[PDB]
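These notes concern the structure reproduced below.
There are 4 protein chains.
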Amino acid sequence: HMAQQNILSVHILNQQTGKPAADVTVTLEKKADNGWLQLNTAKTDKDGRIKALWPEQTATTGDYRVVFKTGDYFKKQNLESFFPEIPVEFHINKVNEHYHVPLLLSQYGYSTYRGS
Amino acid sequence: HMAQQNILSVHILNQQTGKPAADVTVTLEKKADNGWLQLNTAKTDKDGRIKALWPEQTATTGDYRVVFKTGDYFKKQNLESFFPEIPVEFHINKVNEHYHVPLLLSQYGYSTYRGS
Amino acid sequence: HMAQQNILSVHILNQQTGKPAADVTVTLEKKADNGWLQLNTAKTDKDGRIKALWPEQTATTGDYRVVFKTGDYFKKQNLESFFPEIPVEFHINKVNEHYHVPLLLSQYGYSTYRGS
Amino acid sequence: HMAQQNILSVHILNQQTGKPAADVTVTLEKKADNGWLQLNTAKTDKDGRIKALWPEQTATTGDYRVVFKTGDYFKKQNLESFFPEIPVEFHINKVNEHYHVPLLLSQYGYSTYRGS
Numbered sequence: 022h023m024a025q026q027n028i029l030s031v032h033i034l035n036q037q038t039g040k041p042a043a044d045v046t047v048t049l050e051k052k053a054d055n056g057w058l059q060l061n062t063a064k065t066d067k068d069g070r071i072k073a074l075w076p077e078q079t080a081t082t083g084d085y086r087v088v089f090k091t092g093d094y095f096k097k098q099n100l101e102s103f104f105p106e107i108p109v110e111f112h113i114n115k116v117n118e119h120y121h122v123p124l125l126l127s128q129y130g131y132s133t134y135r136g137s
Numbered sequence: 022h023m024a025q026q027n028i029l030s031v032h033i034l035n036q037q038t039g040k041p042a043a044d045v046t047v048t049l050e051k052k053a054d055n056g057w058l059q060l061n062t063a064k065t066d067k068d069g070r071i072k073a074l075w076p077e078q079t080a081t082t083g084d085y086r087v088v089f090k091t092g093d094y095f096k097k098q099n100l101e102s103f104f105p106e107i108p109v110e111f112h113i114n115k116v117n118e119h120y121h122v123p124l125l126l127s128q129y130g131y132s133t134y135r136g137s
Numbered sequence: 022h023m024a025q026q027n028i029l030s031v032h033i034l035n036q037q038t039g040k041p042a043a044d045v046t047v048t049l050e051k052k053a054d055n056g057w058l059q060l061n062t063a064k065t066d067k068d069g070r071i072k073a074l075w076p077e078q079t080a081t082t083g084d085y086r087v088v089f090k091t092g093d094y095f096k097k098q099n100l101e102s103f104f105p106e107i108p109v110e111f112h113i114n115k116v117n118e119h120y121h122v123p124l125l126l127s128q129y130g131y132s133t134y135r136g137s
Numbered sequence: 022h023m024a025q026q027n028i029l030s031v032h033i034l035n036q037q038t039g040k041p042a043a044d045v046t047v048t049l050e051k052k053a054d055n056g057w058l059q060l061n062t063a064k065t066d067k068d069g070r071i072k073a074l075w076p077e078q079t080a081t082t083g084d085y086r087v088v089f090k091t092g093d094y095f096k097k098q099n100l101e102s103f104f105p106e107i108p109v110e111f112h113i114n115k116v117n118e119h120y121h122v123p124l125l126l127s128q129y130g131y132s133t134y135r136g137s
């Protein structure tokens, strides 16, 4: 979890093709009083990654949420999915280390975790 | 996915113990016009299940989300987790079918899918 | 409620369609003095299950292996897979309880765990 | 971007600690006429990786198998596991590409897939 230039990265692996899920919209939100505030929005590259998802601003500890717009990813291929989108809520307790959040994606199932 | 009785059930399996996650609070919300609206809340039984999570009202097609309060579950075990809670957003396309949503839970990773 | 049932069952769920993988061959082997001994072989039913996989012999605490012949399953769907077959090695600690081994299947990825 | 590296790498992530699984023995075997033959054995580094698992010999398309000795890994932490070891069988159909096989590990459940 050693620090990188940006505190947050994500990676989407299409378990059905064995290849990265490219051009997938992913948003980042910060938890506030009862609601959520959007910090950024980006699209995964040809390798299904967003190496720098946090906006170019000072980060703070607290609860956050990344929302993978995978339902749209599949709909664009005319494929159905049980999940319209996949929100992953997590906690950042140290702003001096890196957080990598991969998503192993299938149409009717998925896995996510804090990567290394 | 034939209709049974209550349209929604969930099950939490602790992958670190190979045993069910009991007494975990789970909320159900509906994606409505003006945002999300809570439909019901219950706790997993001794077997880590909630056999009938839908409230007493006709379900409609649309987006929903169950939120597993797993952060508090691990806390009671003197364990930390990357996720304060785990939201799972899903879509009901046919109201005449049963929906089962299992959660395979670990402190820093999880899996979910549409069960049988 | 499975205590008086056959000690070993499996279930294969296709995460790309959200439906069971039927008619898939699954073998059961027992770990012995340097090597493996095949105890049985069966095919998943229409619900992607094998209710009673344990053969007519006294079970003993030790290591075993179930091999899901998923490569052939995918070929029948005209799909390629990273795995020719999927072996899962597990340990039986008590011969007086039920063991359920589920398989969450995708073409290039899978998950398994001790069923609850 | 891994095209100029050794052709086979693995990575083990402990989903219970959210950290890499270090010093874990991993073997590599090739399937041939007279059964399986071992090709190499190595141990994951401090980052839970084995960057170059393929030995100094010409690689040939076909079926292979890596076995993660995870049962021993947990035992050292005074923890039990449903799996004595975790074998992963896969096909190499193009030796001009890199193959990465990650393992998401928990005591009673795991996931593996073709990485990127």
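Residue numbers (PDB author numbering), protein chains in the order written: chain A, 22 to 137; chain B, 22 to 137; chain C, 22 to 137; chain D, 22 to 137. Virtual Cβ for every residue (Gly too), placed ideally from N, Cα, C.
- Below the 9 angstroms Cβ cutoff, chain A contributes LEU34, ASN35, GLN36, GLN37, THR38, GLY39, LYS40 as neighbours of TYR129 of chain C, in chain order.
- For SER132 of chain D, the chain B residues whose C-beta falls within less than 8 angstroms of its own C-beta are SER132, listed in chain order.
- Below the 7 angstroms Cβ cutoff, chain C contributes no neighbours of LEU60 of chain B, its closest Cβ being approximately 23 angstroms away.
- In this structure, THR38 of chain B and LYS64 of chain B do not form a Cβ contact; the two beta carbons are roughly 18 angstroms apart against a cut-off of 8 angstroms.
- The C-alpha of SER30 of chain A lies about 17 angstroms from the C-alpha of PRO41 of chain D.
- Of the other Cβ atoms in all chains shown, fewer than 16 fall within 10 Å of the Cβ of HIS22 of chain D; this residue is therefore exposed.
- Collapsing the DSSP output to three states places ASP54 of chain B in coil.
- For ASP93 of chain C, the enclosing alpha helix (DSSP H) begins and ends at 91-96.
- Partner residues in a beta bridge of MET23 of chain A, as assigned by DSSP, do not exist.
- At a cut-off of 8 angstroms between beta carbons, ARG135 of chain A contacts chain D.
- The three-state reading of DSSP puts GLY69 of chain B in coil, since its state is none of H, G, I, E or B.
- Spatial neighbours of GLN36 of chain B in its own chain (CB-CB distance under 7 angstroms, excluding positions within 5 residues in sequence) are listed in chain order as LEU125, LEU126, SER127.
- Looking only at D:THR82, D:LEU49, D:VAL109, D:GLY136, the smallest Cα-Cα distance to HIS121 of chain D is reached by D:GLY136.
- Counted as a single uninterrupted DSSP element, the stretch harbouring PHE103 of chain C is not any beta strand (DSSP E), since DSSP gives it neither H nor E.
- Under the DSSP assignment, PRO76 of chain C falls outside any beta strand (DSSP E); it carries neither an H nor an E label.
- D:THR48 is the residue among D:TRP57, D:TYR131, D:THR48 whose C-alpha sits nearest the C-alpha of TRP75 of chain D.
- Distance check between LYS52 of chain A and each of A:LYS72, A:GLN26, A:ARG70, A:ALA80 places A:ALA80 closest, using alpha-carbon atoms only.
- According to the DSSP assignment, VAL31 of chain B belongs to the beta strand (DSSP E) that extends over 29-35.
- With fewer than 16 other beta carbons inside 10 angstroms of its own, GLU77 of chain A counts as exposed.
- Within the region 100-112 of chain D, the residues whose Cβ lies closer than 8 angstroms to any Cβ of chain B are, in chain order, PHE103.
- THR62 of chain B is bridged by DSSP to B:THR48.
- Residue range 130-134 is occupied by the beta strand (DSSP E) that includes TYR131 of chain B.
- Scanning A:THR62, A:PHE111, A:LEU100 for the CA closest to the CA of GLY83 of chain A turns up A:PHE111.
- Counting only Cβ-Cβ distances below 9 angstroms, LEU125 of chain B has contacts in chain C at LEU125, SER132, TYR134, in chain order.
- In the DSSP assignment, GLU110 of chain B forms a beta bridge with B:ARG86.
- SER127 of chain A is bridged by DSSP to A:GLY130.
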